[PDB]
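Presented below, as structure tokens, is a lone chain in the form deposited in one PDB entry.
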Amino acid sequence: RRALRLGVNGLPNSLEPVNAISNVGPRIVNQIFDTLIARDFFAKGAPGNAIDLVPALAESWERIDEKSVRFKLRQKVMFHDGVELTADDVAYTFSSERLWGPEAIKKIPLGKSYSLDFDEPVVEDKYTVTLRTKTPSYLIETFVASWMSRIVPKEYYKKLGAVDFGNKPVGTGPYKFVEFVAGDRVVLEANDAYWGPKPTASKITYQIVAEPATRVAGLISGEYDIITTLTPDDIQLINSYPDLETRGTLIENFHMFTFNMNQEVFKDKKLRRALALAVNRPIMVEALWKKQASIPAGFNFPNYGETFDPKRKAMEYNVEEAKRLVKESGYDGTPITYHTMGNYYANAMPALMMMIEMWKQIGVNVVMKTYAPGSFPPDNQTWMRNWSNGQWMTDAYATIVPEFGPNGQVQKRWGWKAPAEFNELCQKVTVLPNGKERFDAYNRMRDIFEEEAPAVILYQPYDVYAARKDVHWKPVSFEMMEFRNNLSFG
């Protein structure tokens, strides 16, 4: 088998699966670990966007009541060190101690904020485990299929601790750990004892190449087989090669810009809203994304299923209202910084440069502050910054509630003083089954989000990869790379 070499835009700081949640972690952690329930993005000839859920580490599952799901596990599954997977490892993965309890915050900072209102799991036998919530939750199934739910080995994890585990991970996945050189590379090797489809590459290397031009040059020179995070602008040039091609797809994620609302200038919604109203998204999508990116109608996406609102109007663009809001605000003309880690996000810098011109027309001076990986300053030295959110559930709960809710980082760390009505609705949607009340509450939350502007949604990016034609691999509609039944050579 050939070794697979990947040129990437970044690497996570840890291989602990929850801590690795980002645009750069899942493409690695998806190889090392498995979940109880998995997604088959290729079901019924779908071009990597199928919503179909399939058994993975759990052979079957059944909802027992409004707050519990019982799982029957695959038998004789081995972690990379030969230890058999049991309900003990599954219970530990979803425990108060490791994930959501008070004693877990130090090791997994976002564990509690991203988790459901869990109750301690119940081990029925070696291969049977019930995952449950303290209050009703119809989200257990989607949570278990998500990036929050990769299964860790209890004994090995406890022995090492979360920090050391993140540097030497052990999972049940098709590829096993070889090396992790901080801010440089990750090397994995084929796990030939894998329970599912046998790995088709002998090794996988993820090498950071921060500059996209240098990344493209690496593919051309033959240093990489696949490269990530390109722009629709690179398409014509790569495709002009007989042996190279681009492969892209819209992903279930949105790019945005956000604010440090602890800062005096951003304490009030007025300037935040003015900045949002001046963003001409169609011109950015046309010029930088070649119409391949999509602009959502608010914090509202098709993957939400029953909680997606297809009748929702597009987000308002109003330069004249933006001009009035700036005039009425306390803003003087002082430059406002916008922090960006080069092009960690595809089109981060060209998008920002277009927005700086748009904002100059409304009387707001915004200045780009580009920083290197590991150079993100303390919070009080930041004003505006870019971000993204992967829409990780088949429900509107994610990411409006875990990120922007009362228990989330936007309110707790970034100082968004959310209206009381918003937090009340966040609590309601957590416990309610689908219906008119729940559907209407998400719409009211979307209206408040647009009015308050704690963040400004830009678009769903069109994720662009480039590969050698002799490397058969299709992208999926999520911020990760899938190699199961989706990687072959020659």
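Each residue number is its position in the shown sequence, starting from 1.
On average the C-alpha atoms of 226 to 234 have higher B-factors than those of the other stretch, with 116 to 124 and 226 to 234 being the two compared.
If you average the C-alpha B-factors over 80 to 88 and over 238 to 246, the higher value belongs to 238 to 246. Across the residues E357, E141, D395, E403, the deposited record lists the maximum Cα B factor for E357. Which of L131, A420, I251, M148 has the largest Cα B-factor in the deposited entry comes down to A420. Ranked by Cα temperature factor within the chain, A455 sits in the lowest third according to the deposited record. Split the chain's modelled residues into thirds by C-alpha temperature factor. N380 is in the highest one. Per the deposited record, the Cα B-factor of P197 falls in the highest third when ranked against the other modelled residues of its chain. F180: CA B factor in the highest third of modelled residues in this chain (values from the PDB entry). Ranked against the other modelled residues of its chain, the C-alpha B-factor of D309 as given in the entry falls in the lowest third.
Just so it is clear, the following notes concern the form deposited in another entry, a form of the same protein that is not shown.
Listed options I235, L250, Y331, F439 include one hinge residue for the rigid-part rotation between this form and the one not shown, namely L250.
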